[PDB]
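Working notes, beginning with the structure itself.
Residue numbers (the entry's author numbering), protein chains in the order written: chain A, 4 to 96, 102 to 135; chain D, 0 to 47, 52 to 63, 101 to 165.
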């Protein structure tokens, strides 16, 4: 009903907030990109329901440690701002998270959770 | 404050350490064979009247100074260096150097581009 539509709004916002980060790092005019890709992030054992966002939440601190690597400002906006806006949206969407066996690149991580948000949005608008 | 995008060059059978870790230098949190940093753990430590901040965890003088160790860290430390950092090369055990040129490298920026001065060394045994 209405609950689902407000939910997929929150997903759209989280999703663009991620979209912009991963465009801003997956650009060639980013030198440090290799140095970022050098770090591995724990991946969800599976992500299909909103509670799994715990996993994303957990990796949030390492992730900003990656973004602080870029010292210019493709966006121009304290990385803490993006990260905390995203964190608030994540909380607005407490649980136990199991991860995948292997870590993955920052790109891989963000592709996964972006695909996840668009997955869930497409899921709900059914009925 | 400016970091080398690249790591210092490798010499066959040689290791590059540092005598002064310049404010800016960061140290990866890298665990032993079989060990994974904590979930929601720091990926690296960083230098900042100036010392380090953050700490690593694993589970199956104008500059900062050599950080103390942590439980189950991988043998091989891994850093990344800001410009003006000098990194000194030494040969492995069982080998010996020839220094046919300088045995150090420096994070330098030229017209906006980070580079490491090519050291000149090789080791026989």
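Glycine included, C-beta positions come from ideal geometry on N, C-alpha and C.
For residue 56(D), list the residues DSSP reports as bridge partners. 45(D)
Check each residue of the segment 105-127 of chain D: if its Cβ is closer than 8 Å to any Cβ of chain A, include it; give the result in chain order. 120
At least one CB of chain D closer than 8 Å to the CB of residue 40(A): is that the case? no
Since I believe residue 78(A) is in contact with residue 23(A) (beta carbons under 8 Å), could you give me their beta-carbon distance rounded to a whole number of angstroms? 7 Å
For the segment 24-51 of chain A, enumerate the residues whose C-beta is nearer than 8 Å to any C-beta of chain D, in chain order. 34, 35, 37, 38, 42, 45
Short-range partners of chain A found in the segment 128-154 of chain D, where Cβ spacing is below 7 Å: none
Determine the burial state of residue 11(D): buried for a count of at least 16 other Cβ atoms within 10 Å of its Cβ, exposed for fewer. exposed
How should residue 31(A) be labelled, buried or exposed, when 16 other C-beta atoms within 10 angstroms of its C-beta is the threshold for buried? exposed
Listed by chain order, chain D residues near residue 65(A) by CB distance under 8 Å: 39, 40, 41, 42
Does the segment 107-126 of chain D come into contact with the segment 0-14 of chain D, if we say contact requires no fewer than three beta-carbon pairs (one atom in each stretch) closer than 8 Å? yes
Measuring only the C-alpha atoms, how far is residue 160(D) from residue 140(D)? 6 Å
Going by C-alpha to C-alpha distance, which of 150(D), 118(D), 162(D) sits closest to residue 7(D)? 118(D)
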